Amino acid sequence: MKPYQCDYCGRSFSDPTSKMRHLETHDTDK
Ligand SMILES: [Zn+2]
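For any residue, its number in our numbering is found by taking its place in the sequence shown, counting from 1, and adding 45.
Shown next, in the form of structure tokens:
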């Protein structure tokens, strides 16, 4: 078991897919 957590969020995603979208769409400054 290894939680796919976000380095900035501290939130553990149990799925690499949504942890992926969440990490790439984190780039929503504009
Ligand atoms: Zn995040």
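Every residue gets a Cβ at the ideal spot worked out from N, C-alpha and C, and that includes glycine.
Shown here, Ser59 sits in coil according to DSSP, grouped into three states, outside any helix or strand.
By a beta-carbon distance limit of 8 Å, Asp60 does not contact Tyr53. Their separation comes to about 18 Å. Inclusion of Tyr53 in the 7 Å shell around ligand 1 follows from its C-beta lying nearer than that to a non-hydrogen atom of the ligand. Exclusion of the five residues before and after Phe58 leaves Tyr49 and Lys64 as the residues of its chain whose Cβ lies within less than 6 Å of its Cβ.
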